[PDB]
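Colleague: Experimental structure and its sequence below.
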Number of protein chains: 2
Amino acid sequence: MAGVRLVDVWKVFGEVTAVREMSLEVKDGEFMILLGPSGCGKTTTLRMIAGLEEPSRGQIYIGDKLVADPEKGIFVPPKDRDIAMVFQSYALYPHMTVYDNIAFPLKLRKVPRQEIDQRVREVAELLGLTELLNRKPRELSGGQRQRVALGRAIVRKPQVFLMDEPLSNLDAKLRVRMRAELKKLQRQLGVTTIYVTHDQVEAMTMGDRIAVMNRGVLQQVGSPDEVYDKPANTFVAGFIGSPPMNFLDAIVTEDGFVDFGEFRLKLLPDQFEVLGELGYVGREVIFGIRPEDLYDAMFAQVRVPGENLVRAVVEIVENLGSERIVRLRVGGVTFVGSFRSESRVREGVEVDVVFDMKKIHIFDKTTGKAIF
Amino acid sequence: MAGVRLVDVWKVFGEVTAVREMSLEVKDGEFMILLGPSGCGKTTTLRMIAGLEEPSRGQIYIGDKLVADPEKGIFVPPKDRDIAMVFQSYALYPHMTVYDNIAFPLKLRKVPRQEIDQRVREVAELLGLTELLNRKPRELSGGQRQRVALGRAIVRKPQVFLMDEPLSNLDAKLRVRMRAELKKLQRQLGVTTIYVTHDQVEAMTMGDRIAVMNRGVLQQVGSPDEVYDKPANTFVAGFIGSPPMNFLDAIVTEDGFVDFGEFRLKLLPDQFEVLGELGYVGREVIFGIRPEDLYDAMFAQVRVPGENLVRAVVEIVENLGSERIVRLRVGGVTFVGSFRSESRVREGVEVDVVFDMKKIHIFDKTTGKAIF
Ligand SMILES: [Cl-]
Ligand SMILES: [Cl-]
Ligand SMILES: [Cl-]
Ligand SMILES: [Cl-]
Ligand SMILES: [Cl-]
Ligand SMILES: [Cl-]
Ligand SMILES: [Cl-]
Ligand SMILES: [Cl-]
Ligand SMILES: [Cl-]
Ligand SMILES: [Cl-]
Ligand SMILES: [Mg+2]
Ligand SMILES: [Mg+2]
Ligand SMILES: [Mg+2]
Ligand SMILES: [Mg+2]
Ligand SMILES: [Mg+2]
Ligand SMILES: [Mg+2]
Ligand SMILES: [Mg+2]
Ligand SMILES: [Mg+2]
Ligand SMILES: [Mg+2]
Ligand SMILES: [Mg+2]
Ligand SMILES: [Mg+2]
Ligand SMILES: [N+]
Ligand SMILES: [N+]
Ligand SMILES: [N+]
Ligand code: NA
Ligand code: NA
Ligand code: NA
Ligand code: NA
Ligand code: NA
Ligand code: NA
Ligand code: NA
Ligand code: NA
Ligand code: NA
Ligand code: NA
Ligand code: NA
Ligand code: NA
Ligand code: NA
Ligand code: NA
Ligand code: NA
Ligand code: NA
Ligand code: NA
Ligand code: NA
Ligand code: NA
Ligand code: NA
Ligand code: NA
Ligand code: NA
Ligand code: NA
Ligand code: NA
Ligand code: NA
Ligand code: NA
Ligand code: NA
Ligand code: NA
C-alpha cells in the first residue's frame, strides 16, 4: 500500500478554504513533488502530513497508521509520527551540540552508545559536518544548520521525509547541483519523500511524480511527462511551460476541423473520432498548443495548406540566440511560437506557420477538463 | 488575562526530565526572556509553547485558549495556534513584490485594500522596508528578505512571537545594535514576546522580565534588577554577574554577626531580625556578596573595624584599566573584589577590605534558597 495517504482532506478558516477535499496516495519510496502557485495549498498540505497543522476534515495515514481524523478525535503530534521534516528551525536544539542533535533520535530509541557514535560520525562526514560536531547550531551559518537537520533526518530512517522549498536560498549553479545531489541521495535511501516547490523546472527535474495544485484543489498527479504532455485541464496546461501554452477558442466542425473564426486547422482522424464519440462536434471548445510545436513553414517537416498551415503576421521577434520567440497574429487572434534561429521572420512581415497537429490539446469550454 | 500561561508543565523522556512542573505566567505585551545554561530546558519550554512538542503533563494557554492539556486529549498544533515563530528566513513568495508578500496573509482574510495598504506600508516603515516595496525577493539581501518575512508575520497580529536566540549568529557590534532594534520594535508593536537566550547580558539588556531556568526547573521570574539584586537562590545568584558573586559559609551568631571562622561581619539590624524570626540564629548559612560591593578601605565611604571591615592579603591584582579585580584571602577563605583603579593594592601585600553590608545575601545552606 501507499507510503502516505490523504483521504478527502480539507482545511478551512471560516469562508476561506486552504485545501479542498484532497485525496492523494504517495507511493512507498517515491519522490513526490507538491507543485503549484503561491497560496495553492501545497504548504498547508505538507504541514498536515507533518502534523504541524490539523485537518478540518479527512483522514491522513503514514504507512498503516492513521495519524489524523478529526471526526474520530484522532491527532498524532508531529513528534509521534514516523516522519522527518528536514526543516532546521523545528528539528534542532540551538543550544545542544551538533553531535547531540544528530544523536538525539538514536538515544531516544536506546541505541547503544558505540553504535550512536559511529552512525553520527558517519552521517556527519558524509555531509561535511565533522569539524562542526562540537559546535552548537546557534553558532552556525544557515547552510550549516540545514545540513545538520539533514543529518539528523537521515541518521535514523523515518517512513517519510518532508521538505519545503529547501533550495530557495541558493545560487543558480549550486541549486542545479543540489537538485541532482538530493535526488541521488533520496534514491540511495529509498525513503518516501514529499517536497513542496513553486518551481516548475525543479519539480520536473527532481520528481518521480508531481501533484499539481491550484486554489486548494489537486489538479493532477503524474510523472513530469504526464503533466507536461497530458495536462489534465487548462490550469495544468497553462501553468507548466515557457512560453506558456497558447489557448484559442474553437468550434469542432462537422467536416473535421477546429475552427478559430480567423482560420481553421484539420484535426487528425483519431482526434475527431474521440471528439465525435463524446459529443463535441458542433460545439465550442478550448484549443491549446505549445510554442515549441509551432513552426516557420519554411523549414517545417510537413506543410499542408488547409490542414496544418496558416499565414500570420509577425508582431515581435525575441532573439534568444539559440531560438526566436515569435509573437504572431491572424486577425483578432494571437499566439506565440518558438522558432529555430535560421527562421527569417521579421517584425511586420507575414510568415506561414505550421502547427504540429499531433501535439494539440482540446479542453471542455465549461469545465476546463482535457479531452486530450 | 496573561498573554501565555504554563500551569504545572512537565516534559519527560523516560527517566530524563527536560522540564519539571513549570508554571509561568507571561504578561500580555511583555518581552519575556527564558535564560539558562545548556540543558536547562529553555528550548523545550519554547517548543511546547509553539506546539512543536506536546507536554507530558500540564496546561498551556495562548491568550484565553487552552492549547495543550494531555490529560484531556487536547493538543493544538503550531500552525493552529495564534503564535508567530521567528527563525531563519521564511517562505518568501518569489515573483511577488515585497508589498504583496507582506500583504498576502491579509489578502486571504479578505481585508479591505484600503486597510491592507495602510497596514503594509506601516509595517514596512517600522522595518525600514519602504524603499523596497516594489522589489522582488531576488533583488534583496538576506537581511532584507528576513525583515520582509518578519513583516508578513507581524501584519497577521499573533498573540505572541517566539524566538530562540535569533541574534546568536551576529558579530558582537551588530548584536548590540540589533538587541536595541528588536526591543524597540517589540515595544512599538506591544506584542507578547518570549525569547530564549543563554547570554546573561543579552537577557538583562532586552528583557522586561527574565525566567531563569536550571536543569528543567524555573528558578525565578523577575525584572533584571530583581534577578540581579534579589536572586531567589544560590543558583541565580551565582549564574549572573562578573566576576561571579562570592559565597562563604557562615554561622549567624547570637550577638548579630555572620561568622566565617576566619573573621566576622555584623549584620544590619533588620537582617538579624528576619534571620531570627525564621530561626537561623545559631545556624550555618551561605553568605553572598558581589565583587562590586567589596571595597579597598582606603576609599570606602564607611569604615567600621570589626563590623564591615576585614584585613586580607592580596593574592592577584588584575589590571583592567577602568578597575582592578582583586583576589583576596583571609586565612583559609578567599573572595574577589572589584576595586577602583586608584587602589594601591599589590600582590603579596595586605589591605583592609570593606563589605557593603546593605548588599549581602543569606541563603539556606540545605535548600540554597535566599532568605534575602
Ligand atoms: Cl527548537
Ligand atoms: Cl568523527
Ligand atoms: Cl535543474
Ligand atoms: Cl478552488
Ligand atoms: Cl479552495
Ligand atoms: Cl502542462
Ligand atoms: Cl507547400
Ligand atoms: Cl509607504
Ligand atoms: Cl543574580
Ligand atoms: Cl599608600
Ligand atoms: Mg512553502
Ligand atoms: Mg504517473
Ligand atoms: Mg521521460
Ligand atoms: Mg512538434
Ligand atoms: Mg510539446
Ligand atoms: Mg526588433
Ligand atoms: Mg487536565
Ligand atoms: Mg492553520
Ligand atoms: Mg545592582
Ligand atoms: Mg550589587
Ligand atoms: Mg578610576
Ligand atoms: N525515487
Ligand atoms: N518592431
Ligand atoms: N515591552
Ligand atoms: Na513513483
Ligand atoms: Na493561489
Ligand atoms: Na484543529
Ligand atoms: Na512523544
Ligand atoms: Na548526493
Ligand atoms: Na508523454
Ligand atoms: Na517531461
Ligand atoms: Na520527455
Ligand atoms: Na507536449
Ligand atoms: Na514533449
Ligand atoms: Na500587428
Ligand atoms: Na522586439
Ligand atoms: Na510531434
Ligand atoms: Na513585564
Ligand atoms: Na515530544
Ligand atoms: Na521614500
Ligand atoms: Na492572529
Ligand atoms: Na527597530
Ligand atoms: Na517582576
Ligand atoms: Na533592586
Ligand atoms: Na526595577
Ligand atoms: Na538597575
Ligand atoms: Na546586587
Ligand atoms: Na549593580
Ligand atoms: Na587601603
Ligand atoms: Na597578576
Ligand atoms: Na603582577
Ligand atoms: Na604576582
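Modeller: Ah, there it is. Residues are numbered from 1 along each chain as shown, chains lettered A, B, ... in the order given. Ligands and ions are numbered 1, 2, ... in the order given.
Colleague: Return the set of buried residues in the strand or helix carrying residue A:326.
Modeller: Assigned by DSSP states H and E, residue A:326 falls within strand A:324-330. Applying a neighbour-count criterion of 16 or more other C-beta atoms under 10 Å in any protein chain shown, one finds A:324, A:325, A:326, A:327, A:328, A:330 buried in strand A:324-330. For every residue, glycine as well, the C-beta is placed using N, CA and C.
Colleague: Skipping adjacent residues, who's closest to the first one in space?
Modeller: If the residues on either side of it in the chain are set aside, residue A:324 comes closest to residue A:339, at 4.8 Å by C-beta to C-beta, 6 or more residues apart in numbering or on different chains.
Colleague: Please report how far the one you found lies from residue A:314.
Modeller: Distance, residue A:339 to residue A:314, using C-beta to C-beta, to the nearest Å: 10 Å.
Colleague: and chain A, which residues reach ligand 37?
Modeller: Residues of chain A found near ligand 37, taking C-beta under 5 Å from the ion as the criterion, are A:356, A:358.
Colleague: And the residue of chain A closest to ligand 41?
Modeller: As assessed by C-beta to the ion, ligand 41 sits closest to residue A:13 within chain A, at 10.8 Å.
Colleague: Find residues that contact each of residue A:339 and residue A:314.
Modeller: Residues touching both residue A:339 and residue A:314 (C-beta atoms under 8 Å, 6 or more residues apart in numbering or on different chains) are A:326, A:345.
Colleague: Need phi/psi at the residue of chain A closest to ligand 41.
Modeller: The phi/psi pair for residue A:13 (degrees, to the nearest 10) reads phi -140, psi 100.
Colleague: and if you look at residue A:126?
Modeller: Dihedral angles (degrees, to the nearest 10) for residue A:126: phi -50, psi -40.
Colleague: How about the contacts made by it?
Modeller: Going by C-beta under 8 Å, 6+ apart, the list of residues near residue A:126 reads residue A:151.
Colleague: Any figure for the gap between it and ligand 20?
Modeller: According to C-beta to the ion, to the nearest Å, residue A:126 and ligand 20 sit 52 Å apart.
Colleague: near ligand 3, which residues of chain A?
Modeller: So chain A meets ligand 3 at A:176, A:179, A:205 (C-beta under 5 Å from the ion).
Colleague: From those residues, pick the one nearest residue B:371.
Modeller: Using C-beta to C-beta, residue A:179 is the member of the residues of chain A next to ligand 3 that lies nearest residue B:371, at 64.5 Å.
Colleague: Residue in the stretch 1-150 of chain A with the shortest distance to ligand 22?
Modeller: Nearest residue of the stretch 1-150 of chain A to ligand 22: residue A:31, at 4.3 Å (C-beta to the nearest ligand atom).
Colleague: Tell me the one of the buried residues of strand A:324-330 nearest residue B:365?
Modeller: residue A:325 (84.0 Å).
Colleague: residues near the residue in the stretch 1-150 of chain A that ligand 37 sits nearest to, how many?
Modeller: Here the stretch 1-150 of chain A gets closest to ligand 37 at one residue, residue A:35, 25.4 Å apart by C-beta to the ion. Other residues lying near residue A:35 total 27 when counted by other C-beta atoms under 10 Å in any protein chain shown.
Colleague: Now find how far off-centre stretch A:346-358 is within its chain.
Modeller: 31 Å (C-alpha atoms, centre = their mean, to the nearest Å).
Colleague: ah, wrong one, I meant stretch A:223-243
Modeller: Using C-alpha atoms, centre = their mean, the offset of stretch A:223-243 from its chain centre is 10 Å.
Colleague: Start and end of it, how far apart?
Modeller: With C-alpha to C-alpha, to the nearest Å as the measure, the first residue of stretch A:223-243 is 21 Å from its last.
Colleague: Any part of the longest helix that chain A contains near chain B?
Modeller: In terms of residue count, the longest helix belonging to chain A (DSSP state H) is helix A:172-189. No - using C-beta under 8 Å from any C-beta of the partner chain, helix A:172-189 stays clear of chain B, coming no nearer than 10.6 Å.
Colleague: how about that helix against ligand 25, any contact?
Modeller: No - contact check for helix A:172-189 against ligand 25, using C-beta under 5 Å from the ion: none in range, with a minimum separation of 11.4 Å.
Colleague: Please, where are all the helices along the stretch 1-150 of chain A?
Modeller: Assigned by DSSP state H, counting those that start in this stretch, the helices in the stretch 1-150 of chain A fall at A:42-50, A:88-91, A:98-108, A:113-126, A:142-155.
Colleague: Figure out which of the ones you listed is closest to residue B:76.
Modeller: Across the helices of the stretch 1-150 of chain A, closest to residue B:76 is helix A:42-50 (C-beta to C-beta), at 13.2 Å.
Colleague: ok, back up a step: and which of the residues of chain A next to ligand 3 is nearest ligand 30?
Modeller: Nearest to ligand 30 among those, with distances taken as C-beta to the ion, is residue A:205, at 16.2 Å.
Colleague: show me what contacts that closest one?
Modeller: Per C-beta under 8 Å, 6+ apart, neighbours of residue A:205: A:179, A:224.
Colleague: check whether the helix or strand hosting it contacts ligand 6.
Modeller: In the assignment (DSSP H and E), residue A:205 maps to helix A:200-206. No - using C-beta under 5 Å from the ion, helix A:200-206 stays clear of ligand 6, with a minimum separation of 8.9 Å.
Colleague: Report the buried residues of that helix.
Modeller: A:200, A:202, A:203, A:204, A:206.
Colleague: Provide the strand pairings for the next helix or strand after it, with the direction of each partner.
Modeller: Using DSSP H and E, the helix or strand that follows helix A:200-206 in sequence is strand A:209-214. Strand A:209-214 sits in its sheet next to strand A:31-35 (parallel), strand A:217-222 (antiparallel), going by DSSP bridges.
Colleague: Those: which one's closest to ligand 29?
Modeller: Per C-beta to the ion, nearest to ligand 29 of these: strand A:31-35, 12.8 Å.
Colleague: picking up where we left off before, looking at the helices of the stretch 1-150 of chain A, which is buried most?
Modeller: helix A:42-50 (a mean of 26; mean count of other C-beta atoms under 10 Å in any protein chain shown).
Colleague: Contacts for that helix, please.
Modeller: Residues contacting helix A:42-50 (C-beta under 8 Å, 6+ apart): A:4, A:6, A:9, A:11, A:18-19, A:22, A:24, A:34-36, A:53-55, A:60, A:62, A:68, A:78, A:81, A:83, A:85, A:160, A:162, A:164, A:194, A:196, A:198, A:213, A:216, B:77, B:79, B:91.
Colleague: Any figure for the gap between residue A:106 and ligand 24?
Modeller: Distance, residue A:106 to ligand 24, by C-beta to the nearest ligand atom, to the nearest Å: 41 Å.
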